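Chemist: One structure is given below, represented as structure tokens, and several questions about it will come after.
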Amino acid sequence: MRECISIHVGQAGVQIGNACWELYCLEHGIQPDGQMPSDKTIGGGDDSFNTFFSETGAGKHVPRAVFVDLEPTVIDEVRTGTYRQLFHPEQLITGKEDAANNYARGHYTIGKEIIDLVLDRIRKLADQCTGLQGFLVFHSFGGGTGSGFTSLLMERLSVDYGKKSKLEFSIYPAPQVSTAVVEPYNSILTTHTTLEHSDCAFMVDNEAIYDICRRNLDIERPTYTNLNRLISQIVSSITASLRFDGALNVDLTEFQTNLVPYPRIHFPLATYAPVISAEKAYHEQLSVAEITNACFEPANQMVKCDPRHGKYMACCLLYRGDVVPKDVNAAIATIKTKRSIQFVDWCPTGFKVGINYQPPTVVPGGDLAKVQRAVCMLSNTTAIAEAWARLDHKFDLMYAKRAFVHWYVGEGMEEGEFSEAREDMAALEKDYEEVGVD
Amino acid sequence: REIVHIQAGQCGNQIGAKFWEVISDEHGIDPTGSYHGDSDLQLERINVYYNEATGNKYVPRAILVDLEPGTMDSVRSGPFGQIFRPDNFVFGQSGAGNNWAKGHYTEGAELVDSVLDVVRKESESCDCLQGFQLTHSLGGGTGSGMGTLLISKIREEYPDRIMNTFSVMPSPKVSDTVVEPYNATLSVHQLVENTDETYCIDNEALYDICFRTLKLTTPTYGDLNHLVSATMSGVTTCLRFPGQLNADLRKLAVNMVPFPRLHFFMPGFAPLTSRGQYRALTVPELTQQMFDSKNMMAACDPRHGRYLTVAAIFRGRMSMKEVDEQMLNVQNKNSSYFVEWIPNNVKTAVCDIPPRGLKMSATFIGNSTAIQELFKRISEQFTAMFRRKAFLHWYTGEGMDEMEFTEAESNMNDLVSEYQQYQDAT
Amino acid sequence: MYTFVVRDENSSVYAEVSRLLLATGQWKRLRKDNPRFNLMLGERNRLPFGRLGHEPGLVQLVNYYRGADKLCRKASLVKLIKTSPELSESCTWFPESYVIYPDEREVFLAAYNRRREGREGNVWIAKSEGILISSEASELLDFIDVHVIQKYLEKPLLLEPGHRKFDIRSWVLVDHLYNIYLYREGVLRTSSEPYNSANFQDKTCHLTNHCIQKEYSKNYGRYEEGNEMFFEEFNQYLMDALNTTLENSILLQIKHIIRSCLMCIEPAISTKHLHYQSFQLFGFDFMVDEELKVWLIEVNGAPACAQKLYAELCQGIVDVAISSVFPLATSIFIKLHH
Amino acid sequence: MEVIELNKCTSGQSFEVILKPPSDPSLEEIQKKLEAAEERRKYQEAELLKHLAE
Ligand SMILES: Nc1nc2c(ncn2[C@@H]2O[C@H](COP(=O)(O)OP(=O)(O)OP(=O)(O)O)[C@@H](O)[C@H]2O)c(=O)[nH]1
Ligand SMILES: Nc1ncnc2c1ncn2[C@@H]1O[C@H](COP(=O)(O)OP(=O)(O)CP(=O)(O)O)[C@@H](O)[C@H]1O
Ligand SMILES: Nc1nc2c(ncn2[C@@H]2O[C@H](COP(=O)(O)OP(=O)(O)O)[C@@H](O)[C@H]2O)c(=O)[nH]1
Ligand SMILES: CCCCc1ccc2[nH]c(NC(=O)OC)nc2c1
Ligand SMILES: [Ca+2]
Ligand SMILES: [Mg+2]
Ligand SMILES: [Mg+2]
Ligand SMILES: [Mg+2]
């Protein structure tokens, strides 16, 4: 067994962090106080859930998690919420005054004064690890902390833990649920400086989650709570292989070898089905073929884009619930006949499948109905580059006028980092285009 | 968390007083300083503007400055006059005579250190000071000349804190003396340099609104200040109540100010109400009115420029889905007056608690290049006198030189060219 | 009031569509790069499909189907036909064609000689204005040094008087619901020079492009204005001369071809459940042989209309493709059903 | 369509299905740049403070 440390950064990272750890507890039978009656190996364990929880001699199961925000409001709701007891006070790190949606403030000015403290609270968790795999890093692109401090943290983790894997869950900015305007700046800056430090990154566009919430959950105006409970369902289906018995995606290194052959192109698309409203009075349960087919509908992706006009480098199906291999293969066969699934020439056309018999756990009183079977598809398709094209274009429009640049220069960034970051993204967009179009 | 408020001069103290009345009623604080409200949402951000004091009363983080005692004795006598910390009343005796030079260089300099001692005492009790707000006029002597001297000294002592002003702009329709364009032009350069946000409250627009629209035949300063206190309440709703965003002054400035000198905002309010109606506005009505020129407190035509950024804050119980559609309706309907190179530059927030006496309201904050019309107007009035050196002796008598006027006029015209550069851009 | 953008200034068709939209008083035109549009009439090359459908509160429509170029460029059309089971390698209405780079070159020459030792005609054309026909394989393989080589149709239907060759251009609008609409008025692009089976490198007799005929051919405008015969005259000719109609002898085949080409790529390009929506106007080019059999030549993705029909067709693009999506305050199309 | 590497346990199974075969900076460099930005920030503030001194 090998342990995994989860790092939640900024408002978005912290609140998604809370949604997941809540879900993790409900899935593993861990109560809000940290007790797990089913764990008969008290005070320790080699088990699969122990990759995410430590055990105290008092039988308390404690997330391998650190929360960091440059401002206290959001982490203070961790400190006082249903899961107060779960967390060691030393795992919740807050500053005084936030990064004001300013990457430079998060990376240079405010980040420099708190990086060593964070690395020290991370090192205290790493020291309780017999064999640490690495890190799962949750954060927004658009926030000043989520972007600025995260990239600084990622740089230092690469020097301090050189051979460990680092995975990201990254919230990509959507105007519908954001009051900022400089988020294109922060996203490009944090992507450029984090790229070579991240082995695998799952992007979630708030636009896609918002619309899934509206269309499939009949929520008229989704809140962050709606968004995050849905997000944490996806994250949980992605990490379940790290926390349960099985043979697929069993360590962090496997995510990269299974999903990222070319290391710069390390942004797999997530697609999730089915999302069903808990207030739907009568629901006809969906079959294996219907939910697997739904993995190829753009309306169910974490990033709205069109995979028919790209090429696949890898594809993984993660089913939870009543599913057997024969029904998966029967669904796949009918789907290749009717869908445009084109792999790159240097990769086999095929699917790595993992099945967990336990159906999705849902948060009591959430918006998601229970379902007998669900699937999360992870596909590394070049079509996700559409999201880089959108963001870069927004960056180009503002930067051509140097709109808002003075805010970054005034925190110690040089103008030339903007264009160095933007040109890295231009390299990235062309890498995708080489790999994926003829 | 904490904002420190400063009010300078007659105008600064009269609107400042009404601002504290209005928001003290919104947070349930009475003239005693006693919280006597019903919802704990009134208290959750009470510390932004109030200190908790002896007896668990709430005391405004407010400093009251004048060069003459008149208006401040009438504040202490006013409705909420006892709510203020008596130590925070800082006044001279000799007045400023509507003379920027007296406020900035002679009489005001005598008094300014005294004011900074009070500012320091209020900041040191601040867990994490966000910044400062100043109420003042630009047309007189104290609020204009000493106000901007204060702002310079505050920037020297706290160069990493936000400075925002609510700045009343002079107009011949509401005019105390002929030298207002002189005082305003000298002040506008101070503001260009040392302010993060300036709300340009034009006494022309306030007058026109009271007259043309509230059908007030002869508006008083009280008519005008009712609009100002209602707008200041709306502009600060963000910071005083728990809502969707958690944005401090810096974050608000970050998303409104693309260029450091272009930080002069046109405020607006809907529905427009006189001191003494029962039909609530529909969300389409709130939205249309807040973008209507006649609801703008800076007498500029928004169709004569382009919006760099817009913020809007809706107050009351309402459908944010309907807000979303109406906000997106008025943009996608008129995208010709928003710059195309700042994507998604119109931002909206809702707060459930409405102001006193309305079930629905909307505050508009526009960063439009049309604000150049205000500065051109002041500049034309400035040069009409300055090309004859008229009334200059009042200033040279306090040590100023004509050259300082030549520089101020020329800085003002530069500011105007800057706005015109972006009104034609892409 | 709806908004639109115009990113292809040189399109005859949508130039007229833009002017019709404004005249309704309910459409306003924005500048090229304003992203708050309802409708985009986009560039022909590198159109940014990835940026569409991400503006909150705006339904967005574009006049191009992403992916439809596979139908509309010579080499990809052949690859699409031979490799798609819906249009088999055994496809009765496409000329035997070959993709040769400066690959199937060795595959092709096996076809040459079984016909050459089989006592059959062996005239071929090479395509990609740089277009050459001959019965020498050496000829064009020499000249190619991507291109396409396909059998020249050595017995075309020839109109009289004139003994002249022709091709048929059909205009097809596919709306956002993937309804396939064939415009009732086609056009027949004729040669004014008579046809001759020996002098292949007298190509003004063998290639019926409107450009060649106007100033590279001797007798242009002789028989009909424009070298353009519309459907009513062509129909009367087939009645008077061949004792049949345009509908029975040719249009049935044309409709079958259009529907089968478009139904084939539908899963690849449909926008049914996408966050933005497409329509597109295609120009289909047919050759008719002397047995009244129709052959598809090539599909044009950005076609120009014939001058008499602009008004009626562009008004039908607004009605069926644009106001179907953005409503305002008998049809000229045949709906091909699937 | 061949089913490969099937592994079963009591919580679930995994396998692959194939349809077709194929055709860093140092600690010192980081702290250098974090301190370069801080002196750019201390220089710009000294410029303001001198400007305020004139
Ligand atoms: N999905 C989701 N997105 C969020 C959440 N909170 C904030 N965001 C998004 O993240 C972006 C804003 O960044 P934040 O995470 O709030 O900022 P931060 O990391 O705290 O950095 P600063 O507050 O600037 O110091 C916007 O696009 C928000 O819409 C959340 O709880 N869930
Ligand atoms: N296989 C074939 N057999 C006989 N004639 C052919 C032929 N292929 C092409 N032609 C003739 O060649 C002409 C031009 O062919 P092609 O379709 O390649 O040109 P083009 O792309 O310019 C037409 P468009 O303007 O509609 O795109 C046709 O009008 C037809 O007369
Ligand atoms: N809106 C408004 N304007 C005022 C008020 N009092 C004065 N003014 C304007 O302020 C300018 C005179 O400044 P004033 O505050 O009286 O001078 P000071 O006390 O020396 O700062 C003129 O433009 C007046 O019209 C007021 O209560 N409300
Ligand atoms: C999402 C909508 C944002 C609304 C908004 C935007 C900018 C602001 N700046 C100030 N400043 C202030 O109140 O000074 C005392 N308030 C603001 C409110
Ligand atoms: Ca155990
Ligand atoms: Mg934050
Ligand atoms: Mg006065
Ligand atoms: Mg062509």
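Scheme for the structure tokens: letters A, B, ... for chains in order shown; per-chain residue numbers from 1; ligand numbers from 1 in order shown.
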Kindly provide, as a VMD selection string, all nucleotide and amino acid residues lying within 7 Å of ligand 4, counting only C-alpha atoms and all ligand atoms.
Modeler: (chain A and resid 179) or (chain B and resid 133 164 235 to 236 238 to 239 245 249 252 to 253 256 311 to 313 347 to 349 365)
Chemist: Would you list the contacts of residue 307 of chain A as a list in words, taking every protein, DNA or RNA residue within 9 Å and counting only C-alpha atoms, but skipping same-chain residues closer than 5 positions in sequence?
Modeler: residues 296, 298, 312, 340, 341, 342, 381, 382, 383 and 384 of chain A
Chemist: Can you list, as a PyMOL selection string, every protein, DNA or RNA residue that comes within 9 Å of segment 201-217 of chain C when you count only C-alpha atoms, leaving out same-chain residues fewer than 6 positions away?
Modeler: chain C and resi 132-134+164-167+189-195+226-228
Chemist: Selection from above, N, CA, C and O atoms, as a PDB file, in the first residue's frame, can you write it?
Modeler:
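The new file selection.pdb reads:
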ATOM      1  N   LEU C 132      -5.713  17.666 -66.599  1.00  0.00           N
ATOM      2  CA  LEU C 132      -5.232  17.053 -67.833  1.00  0.00           C
ATOM      3  C   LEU C 132      -5.861  15.678 -68.051  1.00  0.00           C
ATOM      4  O   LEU C 132      -5.896  14.853 -67.136  1.00  0.00           O
ATOM      5  N   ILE C 133      -6.328  15.434 -69.282  1.00  0.00           N
ATOM      6  CA  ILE C 133      -7.007  14.201 -69.681  1.00  0.00           C
ATOM      7  C   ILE C 133      -6.204  13.506 -70.770  1.00  0.00           C
ATOM      8  O   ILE C 133      -5.701  14.162 -71.689  1.00  0.00           O
ATOM      9  N   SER C 134      -6.130  12.175 -70.692  1.00  0.00           N
ATOM     10  CA  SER C 134      -5.520  11.372 -71.746  1.00  0.00           C
ATOM     11  C   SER C 134      -5.673   9.880 -71.470  1.00  0.00           C
ATOM     12  O   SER C 134      -5.994   9.474 -70.348  1.00  0.00           O
ATOM     13  N   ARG C 164     -22.930  18.927 -77.887  1.00  0.00           N
ATOM     14  CA  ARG C 164     -22.123  19.556 -76.849  1.00  0.00           C
ATOM     15  C   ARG C 164     -22.293  18.855 -75.502  1.00  0.00           C
ATOM     16  O   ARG C 164     -23.337  18.266 -75.208  1.00  0.00           O
ATOM     17  N   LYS C 165     -21.246  18.937 -74.685  1.00  0.00           N
ATOM     18  CA  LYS C 165     -21.165  18.338 -73.361  1.00  0.00           C
ATOM     19  C   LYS C 165     -21.728  19.298 -72.305  1.00  0.00           C
ATOM     20  O   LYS C 165     -21.919  20.489 -72.559  1.00  0.00           O
ATOM     21  N   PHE C 166     -22.018  18.764 -71.115  1.00  0.00           N
ATOM     22  CA  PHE C 166     -22.597  19.572 -70.042  1.00  0.00           C
ATOM     23  C   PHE C 166     -22.379  18.901 -68.688  1.00  0.00           C
ATOM     24  O   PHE C 166     -22.002  17.731 -68.605  1.00  0.00           O
ATOM     25  N   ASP C 167     -22.632  19.668 -67.622  1.00  0.00           N
ATOM     26  CA  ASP C 167     -22.767  19.122 -66.272  1.00  0.00           C
ATOM     27  C   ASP C 167     -23.880  19.865 -65.537  1.00  0.00           C
ATOM     28  O   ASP C 167     -24.262  20.980 -65.905  1.00  0.00           O
ATOM     29  N   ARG C 189     -24.549  23.619 -66.805  1.00  0.00           N
ATOM     30  CA  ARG C 189     -23.404  24.346 -67.347  1.00  0.00           C
ATOM     31  C   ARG C 189     -22.935  23.644 -68.618  1.00  0.00           C
ATOM     32  O   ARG C 189     -22.338  22.566 -68.550  1.00  0.00           O
ATOM     33  N   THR C 190     -23.191  24.254 -69.773  1.00  0.00           N
ATOM     34  CA  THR C 190     -22.925  23.631 -71.064  1.00  0.00           C
ATOM     35  C   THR C 190     -21.599  24.094 -71.646  1.00  0.00           C
ATOM     36  O   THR C 190     -21.060  25.142 -71.276  1.00  0.00           O
ATOM     37  N   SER C 191     -21.080  23.296 -72.580  1.00  0.00           N
ATOM     38  CA  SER C 191     -20.045  23.758 -73.494  1.00  0.00           C
ATOM     39  C   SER C 191     -20.711  24.261 -74.767  1.00  0.00           C
ATOM     40  O   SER C 191     -21.716  23.704 -75.223  1.00  0.00           O
ATOM     41  N   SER C 192     -20.179  25.351 -75.310  1.00  0.00           N
ATOM     42  CA  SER C 192     -20.645  25.847 -76.594  1.00  0.00           C
ATOM     43  C   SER C 192     -19.881  25.241 -77.760  1.00  0.00           C
ATOM     44  O   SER C 192     -20.409  25.202 -78.878  1.00  0.00           O
ATOM     45  N   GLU C 193     -18.667  24.750 -77.516  1.00  0.00           N
ATOM     46  CA  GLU C 193     -17.958  23.965 -78.515  1.00  0.00           C
ATOM     47  C   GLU C 193     -18.552  22.568 -78.623  1.00  0.00           C
ATOM     48  O   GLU C 193     -18.889  21.958 -77.607  1.00  0.00           O
ATOM     49  N   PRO C 194     -18.670  22.032 -79.832  1.00  0.00           N
ATOM     50  CA  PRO C 194     -19.044  20.623 -79.988  1.00  0.00           C
ATOM     51  C   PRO C 194     -17.997  19.689 -79.390  1.00  0.00           C
ATOM     52  O   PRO C 194     -16.871  20.076 -79.070  1.00  0.00           O
ATOM     53  N   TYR C 195     -18.394  18.426 -79.244  1.00  0.00           N
ATOM     54  CA  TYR C 195     -17.611  17.426 -78.527  1.00  0.00           C
ATOM     55  C   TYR C 195     -16.876  16.532 -79.518  1.00  0.00           C
ATOM     56  O   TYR C 195     -17.416  16.175 -80.570  1.00  0.00           O
ATOM     57  N   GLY C 226     -25.318  32.609 -71.164  1.00  0.00           N
ATOM     58  CA  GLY C 226     -24.487  32.224 -70.044  1.00  0.00           C
ATOM     59  C   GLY C 226     -23.787  30.897 -70.195  1.00  0.00           C
ATOM     60  O   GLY C 226     -22.971  30.552 -69.331  1.00  0.00           O
ATOM     61  N   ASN C 227     -24.057  30.159 -71.272  1.00  0.00           N
ATOM     62  CA  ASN C 227     -23.843  28.710 -71.283  1.00  0.00           C
ATOM     63  C   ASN C 227     -24.550  28.079 -70.087  1.00  0.00           C
ATOM     64  O   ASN C 227     -24.047  27.154 -69.447  1.00  0.00           O
ATOM     65  N   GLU C 228     -25.724  28.619 -69.766  1.00  0.00           N
ATOM     66  CA  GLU C 228     -26.520  28.188 -68.623  1.00  0.00           C
ATOM     67  C   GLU C 228     -27.925  27.896 -69.123  1.00  0.00           C
ATOM     68  O   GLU C 228     -28.632  28.805 -69.570  1.00  0.00           O
TER      69      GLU C 228
END
Chemist: Please identify every polymer residue within 6 Å of ligand 5, using only C-alpha atoms and all ligand atoms, and present the set as JSON, numbers by chain.
Modeler: {"A": [39, 41, 42, 44, 45]}
Chemist: For chain B, which residues have at least one atom within 6 Å of chain A, if we go by only C-alpha atoms? Write them as a PyMOL selection string, please.
Modeler: chain B and resi 250-251+255+258+341-342+347
Chemist: Could you save those same residues with N, CA, C and O atoms as a PDB file, in the first residue's frame?
Modeler:
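And here is the file that came out, result-v1.pdb:
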ATOM      1  N   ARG B 250      -9.662  45.482  -2.897  1.00  0.00           N
ATOM      2  CA  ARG B 250      -8.631  45.248  -3.911  1.00  0.00           C
ATOM      3  C   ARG B 250      -9.184  44.428  -5.068  1.00  0.00           C
ATOM      4  O   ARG B 250      -8.958  44.754  -6.238  1.00  0.00           O
ATOM      5  N   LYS B 251      -9.936  43.368  -4.749  1.00  0.00           N
ATOM      6  CA  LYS B 251     -10.468  42.477  -5.774  1.00  0.00           C
ATOM      7  C   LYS B 251     -11.487  43.201  -6.634  1.00  0.00           C
ATOM      8  O   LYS B 251     -11.519  43.009  -7.856  1.00  0.00           O
ATOM      9  N   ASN B 255     -10.983  44.038 -10.889  1.00  0.00           N
ATOM     10  CA  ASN B 255     -11.865  43.676 -11.991  1.00  0.00           C
ATOM     11  C   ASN B 255     -12.566  44.870 -12.626  1.00  0.00           C
ATOM     12  O   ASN B 255     -13.263  44.689 -13.630  1.00  0.00           O
ATOM     13  N   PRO B 258      -8.819  48.472 -15.742  1.00  0.00           N
ATOM     14  CA  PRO B 258      -7.810  47.894 -16.646  1.00  0.00           C
ATOM     15  C   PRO B 258      -6.556  48.736 -16.812  1.00  0.00           C
ATOM     16  O   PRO B 258      -5.516  48.202 -17.232  1.00  0.00           O
ATOM     17  N   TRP B 341     -12.470  44.080 -26.443  1.00  0.00           N
ATOM     18  CA  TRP B 341     -11.212  43.463 -26.051  1.00  0.00           C
ATOM     19  C   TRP B 341     -11.085  43.240 -24.538  1.00  0.00           C
ATOM     20  O   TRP B 341      -9.990  42.947 -24.055  1.00  0.00           O
ATOM     21  N   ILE B 342     -12.169  43.372 -23.778  1.00  0.00           N
ATOM     22  CA  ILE B 342     -12.207  42.881 -22.398  1.00  0.00           C
ATOM     23  C   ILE B 342     -13.375  41.898 -22.341  1.00  0.00           C
ATOM     24  O   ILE B 342     -14.530  42.318 -22.190  1.00  0.00           O
ATOM     25  N   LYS B 347     -20.377  42.419 -14.948  1.00  0.00           N
ATOM     26  CA  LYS B 347     -20.500  41.517 -13.817  1.00  0.00           C
ATOM     27  C   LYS B 347     -21.623  41.956 -12.889  1.00  0.00           C
ATOM     28  O   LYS B 347     -21.864  43.153 -12.684  1.00  0.00           O
TER      29      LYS B 347
END
Chemist: For chain A, report every residue with an atom at most 6 Å from chain D (counting only C-alpha atoms), formatted as a ChimeraX atom specification.
Modeler: /A:345-357,412
Chemist: Compare B:373, B:110, B:324, B:424 by their minimum atom-to-atom distance to residue 350 of chain B, counting only C-alpha atoms, and give me the closest one.
Modeler: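 For residue 350 of chain B, the nearest of the candidates is B:324.
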